[PDB]
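Chemist: Those sequence lines, one after another, are chains X and Y.
This note's numbering puts the first residue of the first sequence at 1, with every later residue one more than the last.
This note's numbering puts the first residue of the second sequence at 1, with every later residue one more than the last.
Ideal placement from N, C-alpha and C gives every residue a C-beta, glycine not left out.
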Amino acid sequence: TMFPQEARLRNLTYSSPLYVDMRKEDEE
Amino acid sequence: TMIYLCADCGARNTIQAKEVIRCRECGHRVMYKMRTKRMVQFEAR
Ligand SMILES: [Zn+2]
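1) Between the Cα of X:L12 and those of Y:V30, Y:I3, Y:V20, spot the shortest distance and give me the residue it belongs to.
2) Collect the residues with a C-beta less than 5 Å away from any heavy atom of ligand 1 and give them in sequence order along the chain.
3) Quick check on Y:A11 - is its C-beta less than 8 Å from some C-beta in chain X?
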């Protein structure tokens with residue numbers, strides 16, 4: 001995980017990933 | 001090559017040119033640089 005501001009200087013962007021449950025059919 | 005120092009631990013990382021930036025007995029991946037010797041001319045004004 002990120003620990004800013006120990007980040008920043010690594011010119012790192014401070015985001016998190018999105019996870020959306022997608023439906024195609026296999027119950028889950 | 002030279003020595004480097006970590007942001008947290010500070011232990012001597014003494015790591016080699018062109019490799020991977022990190023530490024040894026711990027974690028995190030940054031590092032600053034030891035101050036030179038170095039008796040430096042400083043006026044008191
Ligand atoms: Zn360290």
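Modeler: Considering the structure as presented:
1) Y:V30
2) Ordered along the chain, the selected set is Y:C6, Y:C9, Y:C23, Y:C26.
3) No, no contact with chain X.
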